[PDB]
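Q: Using only what follows, build the 3D model:
(chains A and B)
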Amino acid sequence: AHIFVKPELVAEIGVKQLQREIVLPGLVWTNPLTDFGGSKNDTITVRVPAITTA
Amino acid sequence: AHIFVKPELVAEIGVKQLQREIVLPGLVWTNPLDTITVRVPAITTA
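A: Numbers count the residues shown, from 1 in each chain, chains lettered A, B, ... in the order given. Structure as follows:
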């Protein structure tokens, strides 16, 4: 029978892998403490004030 | 290897111990002054 030699075409019709929408990083508390360098063991230990009872 | 001398930073970021909200005082009849007496007016019949 008739046999033809043809290329193998490749196209990008816009399909892809569906992925999550980024929401979480904009919500949590980011960077209250910055000077991690210049502190022992990379720790910026936060103080919490004292309360008392009468 | 390399050794650096760094201080222990202590910073306050607004985190504080959670405390109650003062609501009850001001809703109760307070009388600044040893003791005080309150006189209730008399009522009668007819």
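Q: near chain B, anything from stretch A:43-54?
A: Yes: remark: stretch A:43-54 sits within contact range of chain B at A:43-49, A:51, by C-beta under 8 Å from any C-beta of the partner chain. For every residue, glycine as well, the C-beta is placed using N, CA and C.
Q: I'd like to know how far residue A:3 sits from chain B.
A: 70 Å (C-beta to the nearest C-beta, to the nearest Å).
Q: Contact residues of chain A facing chain B?
A: Counting by C-beta under 8 Å from any C-beta, chain A comes close to chain B at A:32-33, A:35, A:38-40, A:43-49, A:51.
Q: Ends of stretch A:8-25, what's the gap?
A: One end of stretch A:8-25 to the other measures 43 Å (C-alpha to C-alpha, to the nearest Å).
Q: Revised request: answer the last question for stretch A:39-54.
A: Span of stretch A:39-54 from end to end, C-alpha to C-alpha: 37 Å.
Q: Could I get the buried residue list for that stretch?
A: A:39, A:44 (16 or more other C-beta atoms under 10 Å in any protein chain shown).
Q: what distance separates it from the centre of its chain?
A: Centroid separation for stretch A:39-54 versus its chain: 29 Å, with C-alpha atoms, centre = their mean, to the nearest Å.
Q: now swap in stretch A:22-39 and tell me
A: 12 Å.
Q: And it, end to end?
A: 32 Å.
Q: buried set for it?
A: For stretch A:22-39, by 16+ other C-beta under 10 Å, it's residue A:39.
Q: contact partners of it?
A: A:42-44, A:46, B:6-9, B:11, B:13-14 (C-beta atoms under 8 Å, 6 or more residues apart in numbering or on different chains).
Q: so how far is stretch A:1-10 off the chain centroid?
A: From the chain centre to the centre of stretch A:1-10 is a distance of 45 Å (C-alpha atoms, centre = their mean).
Q: go on, stretch A:4-18?
A: 31 Å.
Q: What is the end-to-end distance of that stretch?
A: With C-alpha to C-alpha, one end of stretch A:4-18 sits 38 Å from the other.
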